[PDB]
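Below: structure_37.txt (compact mmCIF, C-alpha atoms and all ligand atoms)
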```txt
# COMPACT_ATOMS: atom_id res chain seq x y z
CA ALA A 1 -91.04 139.57 -11.43
CA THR A 2 -92.30 136.04 -12.18
CA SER A 3 -89.66 135.81 -14.94
CA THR A 4 -86.30 137.45 -15.70
CA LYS A 5 -86.12 140.15 -18.39
CA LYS A 6 -83.66 143.05 -17.93
CA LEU A 7 -82.26 143.75 -14.44
CA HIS A 8 -83.49 142.54 -11.03
CA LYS A 9 -85.18 145.33 -9.03
CA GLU A 10 -85.49 144.52 -5.31
CA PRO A 11 -86.43 146.17 -2.00
CA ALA A 12 -83.89 147.54 0.50
CA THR A 13 -83.74 148.99 4.03
CA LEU A 14 -81.63 152.10 4.72
CA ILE A 15 -79.33 151.48 7.70
CA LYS A 16 -76.53 154.07 7.93
CA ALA A 17 -75.28 156.42 5.19
CA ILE A 18 -71.54 157.21 5.29
CA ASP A 19 -70.65 159.16 2.13
CA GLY A 20 -72.54 160.58 -0.88
CA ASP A 21 -71.98 157.46 -3.02
CA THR A 22 -71.71 155.12 0.00
CA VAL A 23 -74.83 154.10 1.96
CA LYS A 24 -75.25 150.87 3.96
CA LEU A 25 -78.76 149.45 3.47
CA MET A 26 -80.39 146.05 4.04
CA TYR A 27 -80.51 143.47 1.22
CA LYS A 28 -81.96 139.96 1.65
CA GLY A 29 -82.41 140.91 5.33
CA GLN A 30 -78.65 141.28 5.93
CA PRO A 31 -76.58 144.48 6.29
CA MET A 32 -74.48 145.55 3.27
CA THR A 33 -72.93 148.65 1.67
CA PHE A 34 -73.99 150.00 -1.75
CA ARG A 35 -72.12 152.36 -4.10
CA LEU A 36 -73.94 154.53 -6.67
CA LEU A 37 -72.97 153.24 -10.13
CA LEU A 38 -71.87 155.53 -13.00
CA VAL A 39 -71.41 158.30 -10.41
CA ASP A 40 -68.62 159.52 -8.10
CA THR A 41 -68.48 162.03 -5.22
CA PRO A 42 -66.10 165.03 -5.17
CA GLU A 43 -63.57 163.47 -2.76
CA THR A 44 -65.51 162.96 0.50
CA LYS A 45 -62.94 160.99 2.54
CA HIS A 46 -63.60 163.44 5.40
CA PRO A 47 -60.21 162.90 7.07
CA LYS A 48 -60.59 165.61 9.74
CA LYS A 49 -61.29 169.26 8.85
CA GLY A 50 -62.41 168.23 5.34
CA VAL A 51 -61.46 170.32 2.29
CA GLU A 52 -63.90 173.00 3.53
CA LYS A 53 -65.50 172.95 0.06
CA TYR A 54 -67.67 169.95 -0.86
CA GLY A 55 -66.88 167.99 2.33
CA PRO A 56 -70.10 168.08 4.39
CA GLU A 57 -72.64 168.43 1.56
CA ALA A 58 -72.99 165.35 -0.69
CA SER A 59 -72.81 162.75 2.11
CA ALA A 60 -75.62 164.48 4.03
CA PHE A 61 -77.50 165.08 0.77
CA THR A 62 -78.05 161.33 0.32
CA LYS A 63 -78.33 160.91 4.11
CA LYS A 64 -81.51 162.92 4.68
CA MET A 65 -82.58 161.90 1.16
CA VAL A 66 -82.99 158.13 1.66
CA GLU A 67 -83.64 158.92 5.35
CA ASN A 68 -86.96 160.59 4.46
CA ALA A 69 -87.69 158.37 1.43
CA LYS A 70 -90.83 156.27 2.01
CA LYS A 71 -89.14 153.27 0.35
CA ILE A 72 -85.64 152.26 -0.82
CA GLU A 73 -84.98 149.93 -3.77
CA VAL A 74 -81.90 148.85 -5.75
CA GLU A 75 -81.37 147.84 -9.40
CA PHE A 76 -78.33 145.63 -10.08
CA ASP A 77 -77.03 146.02 -13.66
CA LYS A 78 -76.37 143.06 -15.98
CA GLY A 79 -72.65 143.15 -15.15
CA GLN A 80 -71.29 141.80 -11.84
CA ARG A 81 -73.37 142.40 -8.69
CA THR A 82 -70.40 143.10 -6.38
CA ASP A 83 -67.03 144.83 -6.89
CA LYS A 84 -63.62 143.67 -5.62
CA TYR A 85 -64.41 145.42 -2.32
CA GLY A 86 -67.51 143.25 -1.73
CA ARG A 87 -69.67 146.34 -2.30
CA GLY A 88 -73.11 145.88 -3.90
CA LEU A 89 -73.48 147.72 -7.22
CA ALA A 90 -77.00 148.83 -8.22
CA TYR A 91 -79.23 151.90 -8.68
CA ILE A 92 -80.95 153.13 -5.50
CA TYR A 93 -84.47 154.48 -6.08
CA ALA A 94 -86.12 156.67 -3.42
CA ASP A 95 -89.85 157.43 -3.71
CA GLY A 96 -89.85 155.73 -7.13
CA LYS A 97 -87.11 158.13 -8.31
CA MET A 98 -83.46 157.49 -9.28
CA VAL A 99 -81.45 158.77 -6.29
CA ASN A 100 -78.29 158.75 -8.45
CA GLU A 101 -80.12 161.22 -10.72
CA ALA A 102 -80.95 163.42 -7.71
CA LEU A 103 -77.23 163.77 -6.94
CA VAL A 104 -76.42 164.77 -10.53
CA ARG A 105 -79.36 167.19 -10.21
CA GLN A 106 -77.79 169.02 -7.25
CA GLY A 107 -74.38 168.83 -8.97
CA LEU A 108 -72.96 166.84 -6.03
CA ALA A 109 -71.73 163.71 -7.85
CA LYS A 110 -70.31 163.62 -11.40
CA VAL A 111 -70.49 160.58 -13.71
CA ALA A 112 -67.42 158.35 -13.26
CA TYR A 113 -66.28 154.72 -12.98
CA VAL A 114 -67.83 153.54 -16.26
CA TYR A 115 -66.96 149.90 -17.06
CA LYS A 116 -69.05 147.68 -19.36
CA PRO A 117 -71.33 146.06 -19.20
CA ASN A 118 -72.35 147.94 -16.03
CA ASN A 119 -73.48 151.16 -17.75
CA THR A 120 -77.11 150.66 -18.85
CA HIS A 121 -78.18 153.79 -16.93
CA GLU A 122 -75.13 155.70 -18.21
CA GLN A 123 -77.25 157.50 -20.84
CA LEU A 124 -79.73 159.02 -18.36
CA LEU A 125 -76.88 159.96 -15.99
CA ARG A 126 -75.00 161.44 -18.97
CA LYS A 127 -77.55 164.00 -20.22
CA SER A 128 -78.29 164.68 -16.54
CA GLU A 129 -74.67 165.54 -15.69
CA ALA A 130 -74.65 167.96 -18.65
CA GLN A 131 -77.71 169.70 -17.20
CA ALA A 132 -75.91 170.03 -13.85
CA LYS A 133 -73.02 171.76 -15.66
CA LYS A 134 -75.32 174.45 -17.10
CA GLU A 135 -77.04 174.55 -13.69
CA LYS A 136 -73.72 175.32 -11.97
CA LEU A 137 -74.59 173.24 -8.88
CA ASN A 138 -71.53 173.53 -6.61
CA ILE A 139 -68.81 171.39 -8.31
CA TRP A 140 -69.90 172.97 -11.61
CA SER A 141 -69.15 176.49 -10.30
CA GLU A 142 -65.54 177.62 -10.78
CA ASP A 143 -63.07 175.96 -13.19
CA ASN A 144 -59.38 176.22 -12.23
CA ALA A 145 -56.84 175.34 -9.50
CA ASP A 146 -55.62 178.65 -8.05
CA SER A 147 -56.51 180.91 -5.10
CA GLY A 148 -58.58 178.41 -3.09
CA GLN A 149 -57.05 178.20 0.41
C1 LIG B 1 -68.20 151.77 -9.37
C2 LIG B 1 -67.04 150.97 -9.93
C3 LIG B 1 -65.86 150.97 -9.29
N1 LIG B 1 -64.79 150.25 -9.76
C4 LIG B 1 -63.50 150.25 -9.04
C5 LIG B 1 -62.58 151.37 -9.52
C6 LIG B 1 -62.08 151.89 -8.17
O1 LIG B 1 -60.90 151.20 -7.76
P1 LIG B 1 -60.02 151.74 -6.52
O2 LIG B 1 -60.65 151.24 -5.27
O3 LIG B 1 -58.65 151.22 -6.67
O4 LIG B 1 -60.04 153.22 -6.57
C7 LIG B 1 -63.15 151.56 -7.14
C8 LIG B 1 -64.04 152.80 -6.98
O5 LIG B 1 -65.21 152.45 -6.24
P2 LIG B 1 -66.00 153.57 -5.40
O6 LIG B 1 -66.71 154.45 -6.36
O7 LIG B 1 -66.96 152.88 -4.51
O8 LIG B 1 -65.00 154.33 -4.61
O9 LIG B 1 -63.87 150.46 -7.68
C9 LIG B 1 -64.87 149.51 -10.92
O10 LIG B 1 -63.92 148.87 -11.35
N2 LIG B 1 -66.09 149.53 -11.56
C10 LIG B 1 -67.22 150.22 -11.16
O11 LIG B 1 -68.26 150.16 -11.81
```

Could I get this structure in the form of structure tokens?
Amino acid sequence: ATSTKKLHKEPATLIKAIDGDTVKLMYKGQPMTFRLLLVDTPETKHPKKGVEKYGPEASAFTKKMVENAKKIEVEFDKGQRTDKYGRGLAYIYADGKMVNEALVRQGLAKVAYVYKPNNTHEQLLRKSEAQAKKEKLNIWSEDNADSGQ
């Protein structure tokens, strides 16, 4: 990138994944946490016994994912580069693929947290989420709050 055009794609080094949308990597050579943009996990606070539903599933999904990826990159949007929590906001790409899209592919993370101007990849994640709905991938299975304990 000799000049600036759209976003700023850069390299990254996986360090320790914690949740499905939370993975600490290495940026600029220093340790930092990154949060998938335009996406949100199905409540993965993992307090103790978990909800026994989508607890241990999304977090590991991205864990082994970037863990086996040959390379890890990030794409900061045109909006801010860090949130109020000091988290880095960008799109992680594993093997030249959009990891965020992989999650929506397995119906593990639904689109959420959309605030301009950080939403350039909101279109691709949009049509993708719709495909996950027709694919019924976990979260997109049942549809009601009754008889689930
Ligand atoms: C991802 C994202 C999060 N947020 C805020 C809303 C949420 O506030 P609260 O912390 O009060 O819930 C929090 C969610 O981030 P996470 O998706 O990392 O949990 O960050 C934005 O304002 N814009 C964004 O693009």

Show me, as a Markdown table, the residues of chain A having an atom within 6 Å of ligand LIG 1 (chain B), each with the closest atom pair and its distance in Å, using all atoms listed in the file.
```
| residue | atom | partner | partner_atom | distance |
| --- | --- | --- | --- | --- |
| A:35 | CA | B:LIG1 | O7 | 5.2 |
| A:37 | CA | B:LIG1 | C1 | 5.0 |
| A:40 | CA | B:LIG1 | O6 | 5.7 |
| A:113 | CA | B:LIG1 | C2 | 4.9 |
| A:114 | CA | B:LIG1 | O11 | 5.6 |
| A:115 | CA | B:LIG1 | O11 | 5.4 |
```

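The shortest atom-to-atom distance to residue 89 in chain A, with all atoms listed in the file taken into account, belongs to A:32 out of A:51, A:139, A:65, A:32.
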
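Here CA of residue 52 in chain A is placed at a distance of 15.8 Å from CA of residue 20 in chain A.
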
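Closest to residue 27 in chain A among A:124, A:92, A:104, A:98 is A:92, based on all atoms listed in the file.
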
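The space between CA of residue 126 in chain A and CA of residue 58 in chain A spans 18.8 Å.
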
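Counting all atoms listed in the file, the residue from A:56, A:117, A:88, A:148 that sits nearest to residue 12 in chain A is A:88.
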
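CA of residue 74 in chain A sits 27.6 Å away from CA of residue 140 in chain A.
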
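Closest approach to residue 23 in chain A among A:5, A:45, A:62, A:55 is made by A:62 (distances from only C-alpha atoms).
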
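Nearest residue to residue 44 in chain A, choosing from A:149, A:135, A:109, A:97 and counting only C-alpha atoms: A:109.
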
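Proximity ranking of A:108, A:132, A:18, A:36 relative to residue 83 in chain A places A:36 first, based on all atoms listed in the file.
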
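Using all atoms listed in the file, the protein and nucleic acid residues lying at most 12 Å from the point (-81.4, 160.3, 7.6) are residues 14, 15, 16, 17, 18, 23, 24, 25, 59, 60, 61, 62, 63, 64, 65, 66, 67, 68, 69 and 70 of chain A.
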
Point to revise | Cut-off 8 Å around (-77.6, 147.1, -11.6) with all atoms listed in the file: residues as a PyMOL selection string | key: chain A and resi 7-8+37+74-79+81+89-91+118
